[PDB]
Structures are given as C-alpha cells and as structure tokens.
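Just the one chain here, laid out as structure tokens, in the form deposited in one PDB entry.
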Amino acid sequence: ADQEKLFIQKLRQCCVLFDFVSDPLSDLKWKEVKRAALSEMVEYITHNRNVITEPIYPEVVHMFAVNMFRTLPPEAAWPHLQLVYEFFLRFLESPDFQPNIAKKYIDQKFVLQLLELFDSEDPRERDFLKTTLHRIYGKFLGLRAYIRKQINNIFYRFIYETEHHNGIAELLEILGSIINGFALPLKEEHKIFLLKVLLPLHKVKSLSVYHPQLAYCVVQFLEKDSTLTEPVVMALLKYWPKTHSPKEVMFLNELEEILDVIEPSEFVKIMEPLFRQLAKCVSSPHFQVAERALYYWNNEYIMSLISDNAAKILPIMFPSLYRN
C-alpha cells in the first residue's frame, strides 16, 4: 500500500541507534524525532482499524528487538524505551493481531532474550516485561511449554545455584495467572513445580521481596487441588524461621491465607503440627509475631475448624487449661 510503506519506513527509522558525540542540538533534535515517530505509531496502531498487515509483523518485532534486547548496566533513555514497550504492547493487544502470522517472528530466541531483560534493576521496565510476557504466553500456545521451562530454569538458578535475580516477583505474578487457569485434573509437571520449585523459594533470604506473589501461587495451587496441602503446609513449617524473627509475620500471613481455602478433611491432617508452631508464635518474645498469631482467632472460618477439632487443638494452645 502507501500507508503501509510509511509505517514500515518509520518502524525502520526507529531501528537507528544514533549518538551525536559533540553536537547537543543535533542530538536533541534526533531524539525528539524518534520520540515523535514512536508516539505517532502508538496512536496510529491503537485507534486505527486494519492497519496491522502481514508485512508489518517482521518490522515491529525487529524494531523491538534492536531497541530492547541490549546489555543491562550493573536506564537514562527510558522515555524512548517506554514508548517501544507501549507500542509493542498495543501491537499484541490489537484485535487485528494474528498469532498465526506473528509466531514466525516471535520465537523461542525472542522469548529467551525477553526473559533476560527481567533482570533489569528498573521496576518500571520489569512491569512492562511482566505485561508483555503474560500476553505472549496467552496468545502463543506453541510457546507456553518453552516459557514455563525457562522460568523454571531461572528459579532453580536462583535457589540452588547462586544467581541473584531482580524479577522473581514479576515472574511469580505471571505464573499466578497461569496457575489460576489450569485444567481440571492437574498435570504432574505442575505438581512437581509446586513441590520442587515454589516451596524451596521460601528458603532464600531475599524472600521479603517476592513473598506476597509466592504466597498467591501456593494458595492458587491449593484451590485447584486440595490434595497438595499436606506437603505444602509441612514444607512451610520446615522452612519456618527457627530463629525468632519478624520474618515470621510473612509465614503467618501465608499460613492464614492457606487456611482460608483449606478443606476440613485436609485440615485435620496437619492441624497438630501447625498449632504447635502457632502456639510458639503466641509465646514469642517479639510482640509483632505474637500479635499476628493472635489475630488468627478473628478468622471466623478458622474458628469453625478449631471448634470441630477443639479436643485436639485446645490442649495445644492452652496446655495449663486443657489436656488430652
């Protein structure tokens, strides 16, 4: 076409990474042109219908790759980077977007380089990456298996290896969306992922950074299959901070969220070792830990579980008042 010609021209124009070393006026002029070009195409692909044709796909993916797939410093050109993120996001979210054509260019190497950007120290960038990968996962069925494995590899390298990662939280938030949409009978690889990966994540000392997201994944797993709650709770009690620390509040938060979605038949399977730990928390030297544990009695659903099993639980919580 003719509009298609100009669109492709502007996309390729944003593939030129220039830098005027000693001419501030020309540098600002150049950076503005690219900023304007990106802004134009963002508005264009967003509000105009039937503008994404087949020749556009290899151009957009290339422009994204050239601009984003870089090396992270241990940014400053974020205004341009955010535009690229927003444009590529409008590209995927468009009603005219056809995965059948795009899967030729959005391949495993693209997904791999996209995942390597999750190690960015910029929270804004990881947020754009979280949204993008979530969209790619849902729109590309043939990539879902590869994505899960690579995310799995990053976690294993974060836990048992030594590689520090800055996007563990953002990655866990993506998984939460995936877990919530699992098939009726959970596959074995999913159960393995819960037991061999998600649970040992509680061991890492930097748990505080990604704990809310980790807890959500664990809970969503139990809402799918309540059978998995016994190895989950027992492992949670294993990884429980032996050294009385304010980090106990996180475990207490996660534990109550688990109890809010637990089955009665599953409750009696782990109620004794749980409330023995809970009893220790009420007797804690740290007030914050005791305050959090005592708040369990306010949970009306837990009370019903306790009342149904008061003969076994009450002697644990109040030894000088009750016996077996």
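Counting begins at 1, following the sequence as shown.
Below, we turn to the form deposited with a partner chain bound, even though it does not appear here.
- Residue heavy atoms within 4.5 Å of the partner chain in the deposited complex occur in exactly one stretch of 147-155, 225-233, 78-86, 94-102, and that stretch is 147-155.
- Taking non-hydrogen atoms only, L72 approaches the partner chain to within 4.5 angstroms in the deposited complex.
- Although the partner is absent here, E161 is a contact residue: one of its heavy atoms lies within 4.5 angstroms of the partner chain in the deposited complex.
- Using a 4.5 angstroms limit between non-hydrogen atoms, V209 is distant from the partner chain in the deposited complex.
- Residue contact check for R276: one or more of its heavy atoms lie within 4.5 Å of the partner chain in the deposited complex.
- Although the partner is absent from the chain shown here, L112, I192 and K196 each have a heavy atom within 4.5 Å of the partner chain in the deposited complex.
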